[PDB]
Amino acid sequence: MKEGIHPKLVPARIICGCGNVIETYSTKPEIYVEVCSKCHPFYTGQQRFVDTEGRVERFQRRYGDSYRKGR
Amino acid sequence: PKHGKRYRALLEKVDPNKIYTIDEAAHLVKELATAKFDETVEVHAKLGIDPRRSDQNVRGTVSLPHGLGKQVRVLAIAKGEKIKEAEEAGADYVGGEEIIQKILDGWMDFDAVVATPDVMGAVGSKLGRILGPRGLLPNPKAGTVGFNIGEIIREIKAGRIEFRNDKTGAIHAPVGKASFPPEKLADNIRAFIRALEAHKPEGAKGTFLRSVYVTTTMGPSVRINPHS
Amino acid sequence: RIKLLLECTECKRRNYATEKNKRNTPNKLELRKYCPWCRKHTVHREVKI
RNA sequence: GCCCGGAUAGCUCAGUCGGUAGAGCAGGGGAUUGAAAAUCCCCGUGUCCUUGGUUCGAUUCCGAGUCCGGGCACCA
RNA sequence: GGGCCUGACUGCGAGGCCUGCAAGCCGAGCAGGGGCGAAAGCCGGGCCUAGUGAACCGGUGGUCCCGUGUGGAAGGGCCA
RNA sequence: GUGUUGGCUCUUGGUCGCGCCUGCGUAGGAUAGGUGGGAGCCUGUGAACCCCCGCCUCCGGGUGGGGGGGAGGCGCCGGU
RNA sequence: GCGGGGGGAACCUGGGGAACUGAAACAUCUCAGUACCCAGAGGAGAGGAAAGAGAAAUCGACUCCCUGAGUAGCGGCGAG
């Protein structure tokens, strides 16, 4: 591993697709899109005591950095 | 910031920030105006209807008891005994198809026409063309046609006051005297509150009684909160 | 879609019976008759688009 | 199947936030006319699509009807 | 050719045409209910043999049967 | 669109709330925008006579103000 | 001064994860979360004391067997 989160796990899976709708509107589901993909967050940082970083990931980030900001 | 009305003092009485409530109204209005003679206060208002598609066009009358003596004249159109009953009841204009004929000619001094089913044909067809879209012709569920000419004109004196949203969705009516009786004008304002409220067609969606007020003939115009 | 369009009969709010019909000649004119299961027979009327 | 716009002079189209119907072109009439024009004046016709309600009245305001025009979405 | 009128009715049918399937097709007579004569009776579309399409899916006018504790309801079962 | 992607700011549009402050087809002392109350209203102008000044226009006029003073004006009445 | 790492026929948890063939075509669907690449704890891990069941004022950790219906049902409601 080398890109999950830092403040927990948000690094993985995704199966999905579509095709089309038109249901409780006028009929059944134009059904189909057998597709697969990724799905994730972002990066950023601050300072320990003169010289630092963070890295981490998104939200978990914001709350967190706040947290150790507390110290 | 200075304006064209001596009423200005009365206006100072007038602090338009609150919509207040009914009884308060009786008092502050009674105090507010007693100019020449004694105020002829009235209530007026507007409802979220649409009078073009007459499927909401309302009118009728509650029975604001009072004692009474002023506002909205009416023609008791019938014959002998009905002239008796309604005239005595509390009529401003009285007679029959002879009065109808006089009107066709050049005499019309009544806002609302109430005729008994005995001269109703002459009233509605002879005077139909005359009273017309003025609001002066009799209609079978517009507190304007029936045998109880006496009962309805009677309340006109003990006290009448009717209803009839005008072009843009508003009504006007007497619901208390100046130095009044005030409680009276209140009560009648009420009976109207109710019958009107009832008439309220199910075709309304939201703020129905939009504007509800008391205004006089030639005089003041202030909204009233028929709640208090 | 041609001068042949399908309508059907319904009766004074107390039922509805069916059957297709047309468009051509007297177009709209649509009273007619028929009898619902309303009461025992009854006018019906027809019309209904 | 919904969602918008229109309906006016023969043509194409203006149009009070309710009081009059108006352009532009076609068509016609005289002067001008090597001459074609351009010029130049002058006109012609209107249930303002239909049916009712609002109003003292309504091209206009609202409902409904038919039609044409636009668009947008599906279709076993 | 004229008059008057909706049965080109719902409930339905016994019993047969053809057909292996499903089809499609013929129908006296009983009921409610009317319409043409006064009536003996005809009328459950046309003078008849072609104008036709499963099943799924979904719509609308019912109905007022079902509802995943109970009241209702999304939703949904049968009719048209 | 939305998330890190913070700061000041020039501004311009739709919408609903109130004001105009506004409302002149036509007889209408008169540019009545309605529908109500509805013959009276008012004197910090001691007044509609006069003065200018603020504002909106279809000549007019409507409206809001500063002043100038010596029971006055207008709504009524009628009338269109 | 510690720990691991390195293995291991099959069983095992999670990580990622496919065409055939069926649907006598085949794009939803299907085989299936199956084959296989992986990481890893074991001697077996897995799960394991309820924001559960289920509607009786009922049960009571988790796991595996028989039954629960192949009904309840999921669906080019078709193969399945």
# chains A, B, ... in the order shown; residues from 1 in each chain; ligands from 1
$ closest_atom_pairs --of "chain B" --to "chain D" --cutoff "8 Å" --atoms "only C-alpha atoms (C1' of nucleotides)" --output "Markdown table"
| residue | atom | partner | partner_atom | distance |
| --- | --- | --- | --- | --- |
| B:51 | CA | D:54 | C1' | 7.3 |
| B:52 | CA | D:54 | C1' | 5.0 |
| B:53 | CA | D:62 | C1' | 6.4 |
| B:54 | CA | D:53 | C1' | 7.0 |
| B:133 | CA | D:55 | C1' | 7.9 |
| B:167 | CA | D:54 | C1' | 7.2 |
$ residues_around --residues "residue 31 of chain C" --least-positions-apart "2" --cutoff "12 Å" --atoms "only C-alpha atoms (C1' of nucleotides)" --output "PDB file with N, CA and C atoms, in the first residue's frame"
ATOM      1  N   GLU C   7     -63.087   6.193 -29.844  1.00  0.00           N
ATOM      2  CA  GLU C   7     -63.708   6.747 -28.651  1.00  0.00           C
ATOM      3  C   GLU C   7     -64.482   5.600 -27.994  1.00  0.00           C
ATOM      4  N   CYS C   8     -65.276   5.951 -27.000  1.00  0.00           N
ATOM      5  CA  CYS C   8     -65.996   4.958 -26.259  1.00  0.00           C
ATOM      6  C   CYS C   8     -67.002   5.642 -25.367  1.00  0.00           C
ATOM      7  N   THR C   9     -68.034   4.901 -25.010  1.00  0.00           N
ATOM      8  CA  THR C   9     -69.103   5.409 -24.160  1.00  0.00           C
ATOM      9  C   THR C   9     -68.933   5.131 -22.666  1.00  0.00           C
ATOM     10  N   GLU C  10     -69.313   6.164 -21.892  1.00  0.00           N
ATOM     11  CA  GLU C  10     -69.376   6.251 -20.435  1.00  0.00           C
ATOM     12  C   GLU C  10     -70.789   6.830 -20.210  1.00  0.00           C
ATOM     13  N   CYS C  11     -71.375   6.563 -19.045  1.00  0.00           N
ATOM     14  CA  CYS C  11     -72.736   7.020 -18.742  1.00  0.00           C
ATOM     15  C   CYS C  11     -72.888   7.807 -17.450  1.00  0.00           C
ATOM     16  N   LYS C  12     -73.718   8.846 -17.466  1.00  0.00           N
ATOM     17  CA  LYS C  12     -73.920   9.731 -16.307  1.00  0.00           C
ATOM     18  C   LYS C  12     -73.226   9.337 -14.978  1.00  0.00           C
ATOM     19  N   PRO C  26     -70.378  13.501 -39.414  1.00  0.00           N
ATOM     20  CA  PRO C  26     -70.565  14.357 -38.230  1.00  0.00           C
ATOM     21  C   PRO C  26     -69.557  14.440 -37.044  1.00  0.00           C
ATOM     22  N   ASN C  27     -68.259  14.234 -37.294  1.00  0.00           N
ATOM     23  CA  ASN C  27     -67.208  14.329 -36.266  1.00  0.00           C
ATOM     24  C   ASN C  27     -67.604  14.133 -34.797  1.00  0.00           C
ATOM     25  N   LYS C  28     -67.423  15.201 -34.015  1.00  0.00           N
ATOM     26  CA  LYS C  28     -67.703  15.258 -32.579  1.00  0.00           C
ATOM     27  C   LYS C  28     -69.080  14.773 -32.142  1.00  0.00           C
ATOM     28  N   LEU C  29     -70.151  15.374 -32.669  1.00  0.00           N
ATOM     29  CA  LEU C  29     -71.515  14.970 -32.310  1.00  0.00           C
ATOM     30  C   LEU C  29     -71.378  13.569 -31.697  1.00  0.00           C
ATOM     31  N   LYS C  33     -76.607   6.850 -26.677  1.00  0.00           N
ATOM     32  CA  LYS C  33     -77.501   5.900 -25.979  1.00  0.00           C
ATOM     33  C   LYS C  33     -76.773   4.914 -25.039  1.00  0.00           C
ATOM     34  N   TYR C  34     -76.869   3.627 -25.425  1.00  0.00           N
ATOM     35  CA  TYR C  34     -76.278   2.360 -24.883  1.00  0.00           C
ATOM     36  C   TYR C  34     -76.589   1.471 -23.652  1.00  0.00           C
ATOM     37  N   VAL C  43     -80.041   5.131 -19.449  1.00  0.00           N
ATOM     38  CA  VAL C  43     -79.531   5.867 -20.620  1.00  0.00           C
ATOM     39  C   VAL C  43     -78.100   5.513 -20.903  1.00  0.00           C
ATOM     40  N   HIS C  44     -77.215   6.092 -20.112  1.00  0.00           N
ATOM     41  CA  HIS C  44     -75.803   5.882 -20.251  1.00  0.00           C
ATOM     42  C   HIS C  44     -75.369   7.215 -20.748  1.00  0.00           C
ATOM     43  N   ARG C  45     -75.508   7.376 -22.050  1.00  0.00           N
ATOM     44  CA  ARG C  45     -75.168   8.600 -22.730  1.00  0.00           C
ATOM     45  C   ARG C  45     -74.241   8.201 -23.827  1.00  0.00           C
ATOM     46  N   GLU C  46     -72.963   7.997 -23.517  1.00  0.00           N
ATOM     47  CA  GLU C  46     -71.953   7.617 -24.521  1.00  0.00           C
ATOM     48  C   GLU C  46     -70.777   8.550 -24.509  1.00  0.00           C
ATOM     49  N   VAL C  47     -70.794   9.561 -25.377  1.00  0.00           N
ATOM     50  CA  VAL C  47     -69.631  10.481 -25.429  1.00  0.00           C
ATOM     51  C   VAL C  47     -68.265   9.901 -24.985  1.00  0.00           C
ATOM     52  N   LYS C  48     -67.729  10.380 -23.858  1.00  0.00           N
ATOM     53  CA  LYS C  48     -66.423   9.963 -23.300  1.00  0.00           C
ATOM     54  C   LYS C  48     -65.299   9.740 -24.328  1.00  0.00           C
ATOM     55  N   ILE C  49     -64.278  10.606 -24.295  1.00  0.00           N
ATOM     56  CA  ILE C  49     -63.135  10.566 -25.221  1.00  0.00           C
ATOM     57  C   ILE C  49     -61.928   9.756 -24.725  1.00  0.00           C
TER      58      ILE C  49
END
$ select_by_dssp --residues "chain C" --states "strand (DSSP E)" --output "PyMOL selection string"
chain C and resi 4-11+16-23+32-34+44-46
$ closest_atom_pairs --of "chain F" --to "chain B" --cutoff "8 Å" --atoms "only C-alpha atoms (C1' of nucleotides)" --output "JSON lines"
{"residue": "F:34", "atom": "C1'", "partner": "B:167", "partner_atom": "CA", "distance": 7.0}
{"residue": "F:35", "atom": "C1'", "partner": "B:166", "partner_atom": "CA", "distance": 4.8}
{"residue": "F:36", "atom": "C1'", "partner": "B:172", "partner_atom": "CA", "distance": 3.7}
{"residue": "F:37", "atom": "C1'", "partner": "B:216", "partner_atom": "CA", "distance": 1.3}
{"residue": "F:38", "atom": "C1'", "partner": "B:217", "partner_atom": "CA", "distance": 2.0}
{"residue": "F:39", "atom": "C1'", "partner": "B:218", "partner_atom": "CA", "distance": 7.8}
{"residue": "F:40", "atom": "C1'", "partner": "B:36", "partner_atom": "CA", "distance": 5.0}
{"residue": "F:41", "atom": "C1'", "partner": "B:36", "partner_atom": "CA", "distance": 6.0}
{"residue": "F:42", "atom": "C1'", "partner": "B:6", "partner_atom": "CA", "distance": 6.2}
{"residue": "F:64", "atom": "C1'", "partner": "B:3", "partner_atom": "CA", "distance": 5.7}
{"residue": "F:65", "atom": "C1'", "partner": "B:2", "partner_atom": "CA", "distance": 6.4}
$ residues_around --residues "residue 30 of chain E" --least-positions-apart "3" --cutoff "12 Å" --atoms "only C-alpha atoms (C1' of nucleotides)" --output "list in words"
residues 11, 12, 13 and 14 of chain E
$ closest_residue --among "A:39, A:45, A:71, A:65" --to "residue 14 of chain A" --atoms "only C-alpha atoms"
A:39
$ residues_around --residues "segment 4-10 of chain A" --least-positions-apart "5" --cutoff "9 Å" --atoms "only C-alpha atoms (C1' of nucleotides)" --output "list in words"
residues 39, 40, 41, 42, 43, 54, 55, 56, 57, 58, 60, 61 and 64 of chain A
$ write_last_selection --atoms "N, CA, C and O atoms" --output "CSV table (one decimal), in the first residue's frame"
chain,number,residue,atom,x,y,z
A,39,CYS,N,-12.5,5.4,-7.5
A,39,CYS,CA,-13.4,6.2,-6.7
A,39,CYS,C,-12.7,6.7,-5.4
A,39,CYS,O,-12.7,6.0,-4.4
A,40,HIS,N,-12.1,8.0,-5.4
A,40,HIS,CA,-11.5,8.5,-4.2
A,40,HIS,C,-11.4,10.0,-3.8
A,40,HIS,O,-12.0,10.8,-4.5
A,41,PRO,N,-10.6,10.4,-2.8
A,41,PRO,CA,-10.4,11.7,-2.2
A,41,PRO,C,-9.2,12.7,-2.7
A,41,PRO,O,-8.9,12.7,-3.9
A,42,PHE,N,-8.6,13.5,-1.8
A,42,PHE,CA,-7.5,14.4,-2.2
A,42,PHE,C,-6.4,14.6,-1.1
A,42,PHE,O,-6.5,14.0,-0.1
A,43,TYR,N,-5.4,15.3,-1.4
A,43,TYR,CA,-4.1,15.6,-0.6
A,43,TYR,C,-3.9,17.1,0.0
A,43,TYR,O,-4.3,18.0,-0.6
A,54,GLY,N,1.9,16.5,6.1
A,54,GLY,CA,0.5,16.0,6.5
A,54,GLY,C,0.3,14.8,5.6
A,54,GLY,O,0.5,13.7,6.0
A,55,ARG,N,-0.1,15.2,4.3
A,55,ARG,CA,-0.3,14.2,3.2
A,55,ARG,C,-1.8,14.0,3.3
A,55,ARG,O,-2.5,14.7,2.7
A,56,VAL,N,-2.1,12.9,4.0
A,56,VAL,CA,-3.4,12.4,4.3
A,56,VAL,C,-4.5,12.4,3.3
A,56,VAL,O,-4.2,12.1,2.1
A,57,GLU,N,-5.8,12.6,3.7
A,57,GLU,CA,-6.9,12.6,2.7
A,57,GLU,C,-8.1,13.3,3.1
A,57,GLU,O,-8.7,13.2,4.2
A,58,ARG,N,-8.6,14.2,2.2
A,58,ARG,CA,-9.8,15.0,2.3
A,58,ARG,C,-10.3,15.3,3.7
A,58,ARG,O,-9.7,16.0,4.5
A,60,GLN,N,-11.5,13.4,6.4
A,60,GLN,CA,-10.9,12.8,7.6
A,60,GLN,C,-9.8,13.8,7.9
A,60,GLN,O,-9.5,14.1,9.0
A,61,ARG,N,-9.1,14.2,6.8
A,61,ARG,CA,-8.1,15.3,6.9
A,61,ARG,C,-8.6,16.4,7.8
A,61,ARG,O,-8.2,16.6,8.9
A,64,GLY,N,-9.2,15.9,11.4
A,64,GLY,CA,-8.0,15.5,11.9
A,64,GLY,C,-6.9,16.5,12.2
A,64,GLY,O,-6.6,16.8,13.4
$ closest_atom_pairs --of "chain A" --to "chain E" --cutoff "10 Å" --atoms "only C-alpha atoms (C1' of nucleotides)" --output "CSV"
residue,atom,partner,partner_atom,distance
A:22,CA,E:58,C1',9.9
A:23,CA,E:58,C1',8.5
A:24,CA,E:58,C1',8.9
A:25,CA,E:58,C1',8.9
A:26,CA,E:58,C1',5.8
A:27,CA,E:58,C1',4.4
A:28,CA,E:57,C1',6.6
A:29,CA,E:57,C1',9.8
$ write_last_selection --atoms "N, CA, C and O atoms" --output "PDB file, in the first residue's frame"
ATOM      1  N   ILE A  22     -36.901   5.540 -17.426  1.00  0.00           N
ATOM      2  CA  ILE A  22     -38.290   5.557 -17.887  1.00  0.00           C
ATOM      3  C   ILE A  22     -39.015   4.411 -17.184  1.00  0.00           C
ATOM      4  O   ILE A  22     -39.302   3.377 -17.786  1.00  0.00           O
ATOM      5  N   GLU A  23     -39.312   4.628 -15.899  1.00  0.00           N
ATOM      6  CA  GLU A  23     -39.946   3.639 -15.017  1.00  0.00           C
ATOM      7  C   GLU A  23     -41.340   4.020 -14.527  1.00  0.00           C
ATOM      8  O   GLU A  23     -42.318   3.909 -15.266  1.00  0.00           O
ATOM      9  N   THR A  24     -41.437   4.429 -13.264  1.00  0.00           N
ATOM     10  CA  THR A  24     -42.718   4.860 -12.728  1.00  0.00           C
ATOM     11  C   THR A  24     -42.978   6.155 -13.465  1.00  0.00           C
ATOM     12  O   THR A  24     -43.359   7.155 -12.869  1.00  0.00           O
ATOM     13  N   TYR A  25     -42.720   6.139 -14.767  1.00  0.00           N
ATOM     14  CA  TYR A  25     -42.899   7.303 -15.613  1.00  0.00           C
ATOM     15  C   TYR A  25     -43.707   6.855 -16.796  1.00  0.00           C
ATOM     16  O   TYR A  25     -44.653   7.522 -17.206  1.00  0.00           O
ATOM     17  N   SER A  26     -43.336   5.706 -17.344  1.00  0.00           N
ATOM     18  CA  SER A  26     -44.042   5.188 -18.498  1.00  0.00           C
ATOM     19  C   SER A  26     -43.747   3.733 -18.772  1.00  0.00           C
ATOM     20  O   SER A  26     -44.392   3.133 -19.619  1.00  0.00           O
ATOM     21  N   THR A  27     -42.774   3.160 -18.073  1.00  0.00           N
ATOM     22  CA  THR A  27     -42.448   1.762 -18.317  1.00  0.00           C
ATOM     23  C   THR A  27     -41.358   1.137 -17.471  1.00  0.00           C
ATOM     24  O   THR A  27     -41.169   1.492 -16.307  1.00  0.00           O
ATOM     25  N   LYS A  28     -40.655   0.185 -18.091  1.00  0.00           N
ATOM     26  CA  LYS A  28     -39.562  -0.568 -17.470  1.00  0.00           C
ATOM     27  C   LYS A  28     -38.171   0.114 -17.549  1.00  0.00           C
ATOM     28  O   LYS A  28     -38.069   1.309 -17.855  1.00  0.00           O
ATOM     29  N   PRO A  29     -37.084  -0.638 -17.273  1.00  0.00           N
ATOM     30  CA  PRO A  29     -35.765  -0.017 -17.330  1.00  0.00           C
ATOM     31  C   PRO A  29     -34.956  -0.398 -18.540  1.00  0.00           C
ATOM     32  O   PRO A  29     -34.710  -1.576 -18.799  1.00  0.00           O
TER      33      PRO A  29
END
$ interface_residues --of "chain E" --to "chain C" --cutoff "7 Å" --atoms "only C-alpha atoms (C1' of nucleotides)" --output "PDB file with N, CA and C atoms (P, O5', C5', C4', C3', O3' and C1' of nucleotides), in the first residue's frame"
ATOM      1  P     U E   6     -83.489   5.348 -28.616  1.00  0.00           P
ATOM      2  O5'   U E   6     -82.239   4.374 -28.798  1.00  0.00           O
ATOM      3  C5'   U E   6     -81.872   3.461 -27.764  1.00  0.00           C
ATOM      4  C4'   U E   6     -81.379   2.169 -28.365  1.00  0.00           C
ATOM      5  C3'   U E   6     -79.882   1.877 -28.267  1.00  0.00           C
ATOM      6  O3'   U E   6     -79.566   1.186 -27.051  1.00  0.00           O
ATOM      7  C1'   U E   6     -80.619   1.644 -30.502  1.00  0.00           C
ATOM      8  P     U E  10     -72.320  -6.121 -24.778  1.00  0.00           P
ATOM      9  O5'   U E  10     -72.402  -6.535 -23.231  1.00  0.00           O
ATOM     10  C5'   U E  10     -71.825  -5.713 -22.205  1.00  0.00           C
ATOM     11  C4'   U E  10     -72.338  -6.109 -20.828  1.00  0.00           C
ATOM     12  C3'   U E  10     -72.024  -7.512 -20.350  1.00  0.00           C
ATOM     13  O3'   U E  10     -70.782  -7.524 -19.677  1.00  0.00           O
ATOM     14  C1'   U E  10     -74.313  -7.078 -19.986  1.00  0.00           C
ATOM     15  P     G E  32     -86.255 -11.222 -16.523  1.00  0.00           P
ATOM     16  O5'   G E  32     -85.275  -9.988 -16.288  1.00  0.00           O
ATOM     17  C5'   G E  32     -84.948  -9.551 -14.969  1.00  0.00           C
ATOM     18  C4'   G E  32     -83.736  -8.648 -15.003  1.00  0.00           C
ATOM     19  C3'   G E  32     -83.909  -7.390 -15.834  1.00  0.00           C
ATOM     20  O3'   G E  32     -84.469  -6.337 -15.069  1.00  0.00           O
ATOM     21  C1'   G E  32     -81.958  -8.481 -16.537  1.00  0.00           C
ATOM     22  P     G E  33     -85.397  -5.247 -15.797  1.00  0.00           P
ATOM     23  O5'   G E  33     -84.566  -4.815 -17.081  1.00  0.00           O
ATOM     24  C5'   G E  33     -83.833  -3.599 -17.095  1.00  0.00           C
ATOM     25  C4'   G E  33     -83.493  -3.221 -18.513  1.00  0.00           C
ATOM     26  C3'   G E  33     -84.679  -2.915 -19.421  1.00  0.00           C
ATOM     27  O3'   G E  33     -85.043  -1.521 -19.303  1.00  0.00           O
ATOM     28  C1'   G E  33     -83.153  -4.403 -20.504  1.00  0.00           C
TER      29        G E  33
END
$ atom_distance --atom1 "atom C1' of residue 44 of chain D" --atom2 "atom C1' of residue 27 of chain D"
8.2 Å
$ atom_distance --atom1 "atom CA of residue 12 of chain A" --atom2 "atom CA of residue 37 of chain A"
9.4 Å
$ residues_around --residues "residue 183 of chain B" --least-positions-apart "6" --cutoff "12 Å" --atoms "only C-alpha atoms (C1' of nucleotides)" --output "ChimeraX atom specification"
/B:22-27,30,64-68,174-177,189-190
$ write_last_selection --atoms "C-alpha atoms" --output "PDB file, in the first residue's frame"
ATOM      1  CA  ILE B  22     -59.875  43.345  15.969  1.00  0.00           C
ATOM      2  CA  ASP B  23     -61.018  44.802  19.402  1.00  0.00           C
ATOM      3  CA  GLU B  24     -57.827  46.879  19.611  1.00  0.00           C
ATOM      4  CA  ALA B  25     -59.046  48.116  16.231  1.00  0.00           C
ATOM      5  CA  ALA B  26     -62.516  49.057  17.536  1.00  0.00           C
ATOM      6  CA  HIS B  27     -60.820  51.248  20.134  1.00  0.00           C
ATOM      7  CA  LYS B  30     -63.165  54.949  17.361  1.00  0.00           C
ATOM      8  CA  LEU B  64     -73.834  41.349  11.918  1.00  0.00           C
ATOM      9  CA  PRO B  65     -76.567  42.148  14.482  1.00  0.00           C
ATOM     10  CA  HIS B  66     -77.127  45.892  15.351  1.00  0.00           C
ATOM     11  CA  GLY B  67     -78.291  46.875  16.471  1.00  0.00           C
ATOM     12  CA  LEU B  68     -78.048  48.801  13.195  1.00  0.00           C
ATOM     13  CA  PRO B 174     -69.692  47.673   7.880  1.00  0.00           C
ATOM     14  CA  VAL B 175     -68.594  45.755  11.009  1.00  0.00           C
ATOM     15  CA  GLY B 176     -68.944  48.396  13.838  1.00  0.00           C
ATOM     16  CA  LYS B 177     -69.984  52.094  14.354  1.00  0.00           C
ATOM     17  CA  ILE B 189     -67.865  42.013  10.667  1.00  0.00           C
ATOM     18  CA  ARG B 190     -67.800  38.474  12.139  1.00  0.00           C
TER      19      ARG B 190
END
$ residues_around --residues "residue 3 of chain D" --least-positions-apart "3" --cutoff "12 Å" --atoms "only C-alpha atoms (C1' of nucleotides)" --output "VMD selection string"
chain D and resid 70 to 73
$ write_last_selection --atoms "N, CA and C atoms (P, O5', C5', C4', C3', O3' and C1' of nucleotides)" --output "PDB file, in the first residue's frame"
ATOM      1  P     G D  70     -42.707  24.391 -38.187  1.00  0.00           P
ATOM      2  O5'   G D  70     -41.938  24.315 -36.792  1.00  0.00           O
ATOM      3  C5'   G D  70     -42.622  24.647 -35.574  1.00  0.00           C
ATOM      4  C4'   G D  70     -41.741  25.472 -34.673  1.00  0.00           C
ATOM      5  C3'   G D  70     -40.742  24.632 -33.900  1.00  0.00           C
ATOM      6  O3'   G D  70     -39.506  24.585 -34.592  1.00  0.00           O
ATOM      7  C1'   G D  70     -42.113  25.815 -32.391  1.00  0.00           C
ATOM      8  P     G D  71     -38.556  23.313 -34.420  1.00  0.00           P
ATOM      9  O5'   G D  71     -37.701  23.665 -33.126  1.00  0.00           O
ATOM     10  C5'   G D  71     -37.309  22.641 -32.214  1.00  0.00           C
ATOM     11  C4'   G D  71     -37.739  23.001 -30.819  1.00  0.00           C
ATOM     12  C3'   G D  71     -37.599  21.858 -29.841  1.00  0.00           C
ATOM     13  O3'   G D  71     -36.277  21.784 -29.361  1.00  0.00           O
ATOM     14  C1'   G D  71     -39.753  22.796 -29.631  1.00  0.00           C
ATOM     15  P     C D  72     -35.395  20.497 -29.725  1.00  0.00           P
ATOM     16  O5'   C D  72     -35.719  19.477 -28.539  1.00  0.00           O
ATOM     17  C5'   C D  72     -35.486  19.854 -27.169  1.00  0.00           C
ATOM     18  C4'   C D  72     -36.314  19.010 -26.222  1.00  0.00           C
ATOM     19  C3'   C D  72     -36.261  17.509 -26.416  1.00  0.00           C
ATOM     20  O3'   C D  72     -35.068  16.905 -25.933  1.00  0.00           O
ATOM     21  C1'   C D  72     -38.503  18.156 -26.075  1.00  0.00           C
ATOM     22  P     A D  73     -34.598  15.496 -26.556  1.00  0.00           P
ATOM     23  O5'   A D  73     -35.622  14.451 -25.921  1.00  0.00           O
ATOM     24  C5'   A D  73     -35.820  14.429 -24.497  1.00  0.00           C
ATOM     25  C4'   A D  73     -36.969  13.528 -24.107  1.00  0.00           C
ATOM     26  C3'   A D  73     -36.994  12.129 -24.688  1.00  0.00           C
ATOM     27  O3'   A D  73     -36.054  11.296 -24.008  1.00  0.00           O
ATOM     28  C1'   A D  73     -39.180  13.061 -24.706  1.00  0.00           C
TER      29        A D  73
END
$ atom_distance --atom1 "atom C1' of residue 17 of chain G" --atom2 "atom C1' of residue 35 of chain G"
9.8 Å
$ interface_residues --of "chain A" --to "chain G" --cutoff "12 Å" --atoms "only C-alpha atoms (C1' of nucleotides)" --output "tab-separated table (two decimals) with N, CA and C atoms, in the first residue's frame"
chain	number	residue	atom	x	y	z
A	1	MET	N	0.85	-1.23	0.00
A	1	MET	CA	0.00	0.00	0.00
A	1	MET	C	0.87	1.27	0.00
A	11	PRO	N	-9.20	3.64	0.10
A	11	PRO	CA	-8.51	3.32	-1.14
A	11	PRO	C	-9.00	2.02	-1.86
A	12	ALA	N	-10.09	2.09	-2.64
A	12	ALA	CA	-10.55	0.89	-3.34
A	12	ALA	C	-11.77	0.89	-4.27
A	13	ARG	N	-12.20	-0.34	-4.55
A	13	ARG	CA	-13.30	-0.77	-5.44
A	13	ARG	C	-14.35	0.14	-6.04
A	14	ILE	N	-15.11	-0.45	-6.98
A	14	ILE	CA	-16.18	0.22	-7.73
A	14	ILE	C	-16.73	-0.52	-8.96
A	15	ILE	N	-17.93	-1.10	-8.87
A	15	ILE	CA	-18.56	-1.77	-10.01
A	15	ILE	C	-19.80	-0.92	-10.28
A	17	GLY	N	-22.57	1.11	-13.74
A	17	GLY	CA	-22.99	1.26	-15.11
A	17	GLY	C	-24.29	2.02	-15.19
A	18	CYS	N	-25.19	1.61	-16.09
A	18	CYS	CA	-26.49	2.27	-16.28
A	18	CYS	C	-27.33	1.83	-17.50
A	19	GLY	N	-27.29	2.64	-18.54
A	19	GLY	CA	-28.07	2.35	-19.72
A	19	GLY	C	-29.07	3.47	-19.65
A	20	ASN	N	-30.32	3.16	-19.37
A	20	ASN	CA	-31.37	4.17	-19.26
A	20	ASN	C	-32.57	3.82	-18.34
A	28	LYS	N	-40.65	0.19	-18.09
A	28	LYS	CA	-39.56	-0.57	-17.47
A	28	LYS	C	-38.17	0.11	-17.55
A	29	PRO	N	-37.08	-0.64	-17.27
A	29	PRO	CA	-35.77	-0.02	-17.33
A	29	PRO	C	-34.96	-0.40	-18.54
A	30	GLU	N	-34.54	0.61	-19.28
A	30	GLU	CA	-33.71	0.39	-20.44
A	30	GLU	C	-32.49	-0.14	-19.69
A	31	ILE	N	-32.41	-1.44	-19.46
A	31	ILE	CA	-31.32	-1.94	-18.66
A	31	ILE	C	-29.99	-2.41	-19.21
A	32	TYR	N	-28.93	-1.65	-18.89
A	32	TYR	CA	-27.54	-2.03	-19.18
A	32	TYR	C	-26.35	-1.14	-19.52
A	33	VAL	N	-25.29	-1.42	-18.74
A	33	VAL	CA	-23.94	-0.83	-18.73
A	33	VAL	C	-23.05	-1.60	-17.73
A	34	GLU	N	-22.58	-2.75	-18.19
A	34	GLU	CA	-21.71	-3.65	-17.44
A	34	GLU	C	-20.34	-2.94	-17.37
A	36	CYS	N	-16.84	-1.03	-14.91
A	36	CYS	CA	-16.11	-1.01	-13.63
A	36	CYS	C	-15.16	0.20	-13.50
